[PDB]
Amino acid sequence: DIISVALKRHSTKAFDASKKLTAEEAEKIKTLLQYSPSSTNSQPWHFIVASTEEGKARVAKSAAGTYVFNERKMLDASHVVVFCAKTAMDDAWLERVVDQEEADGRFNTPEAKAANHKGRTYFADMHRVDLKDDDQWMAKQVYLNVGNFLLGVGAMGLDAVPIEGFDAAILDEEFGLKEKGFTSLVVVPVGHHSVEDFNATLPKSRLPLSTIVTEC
């Protein structure tokens, strides 16, 4: 009942620092990150998975000052995932993706690999050259991954919260992401809620279907 999951999951506001993911749950949440779809299977992303106390403290440095309300969440969760996008799409990455597809057996003929390569490069160059928005295009693929991830961990029975309330410049510098060609977009602490998670008992709220949906 994935609809029941969607109506029961929520953004956790406080995590129990004594409750850790199992070894199997930790493997599964990385599978979720890995197997998210993306346009042209571009996978323009990298993920920092912080589970040690020092690692999470490094992530939490980005939630200082104006974002202090998000700091404890990053310190208290079991596993803290930093979602990162590539800052520029390059031909080396397009080759890495198509060569991984080739090794995985997705091309039955050389014609199929050449068409998959040409099609992906044509669409990536539309963003790289024509629209000059490949950084935005790739970041959108990362947000799609986040949405897949939040529903996935909810269906696993894990608590989580997506966070944009952090200083991405501080987080990027903390993990040297700019020199690697990545930038942090969303931080998602994952674990089990604590008694201070006031959002666990509040009702959900969405705009009504009469507003957001047009049936045609």
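Take the two forms, find the largest set of C-alpha atoms that superpose within 1.5 Å, and that set is the rigid core. Numbers for residues come from their place in the sequence shown, where the first is 1.
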**Report entry** Comparing 165 to 173 and 187 to 195 where Cα RMS over structures and residues is taken in 5 other deposited structures of this protein (core fit), larger one
**Finding:** 187 to 195
Query - Farther-lying stretch by C-alpha RMS in 5 other deposited structures of this protein, rigid core as reference, of 96 to 104 and 110 to 118 - result: 110 to 118
Report summary line: Mean B factor on CA atoms, stretches 34 to 42 and 161 to 169, record says higher is 161 to 169
Report summary line: The stretch whose C-alpha atoms carry the larger average B-factor in the entry, 57 to 65 or 187 to 195, is 57 to 65
Requested in this report: Looking at the entry's B-factor column for C-alpha atoms only, identify whether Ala85 ranks in the lowest, middle or highest third of its chain.
Outcome: lowest
Query - Where the record places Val98 (Cα B-factor, split into thirds across the chain) - result: lowest
Requested in this report: Classify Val129 as lowest, middle or highest third according to the C-alpha B-factor given in the PDB entry, relative to its own chain.
Outcome: highest
Query raised in the report: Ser205's Cα B-factor: lowest, middle or highest third of the chain?
Result: middle
**Report entry** Third of chain Cα B-factors occupied by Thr52
**Finding:** highest
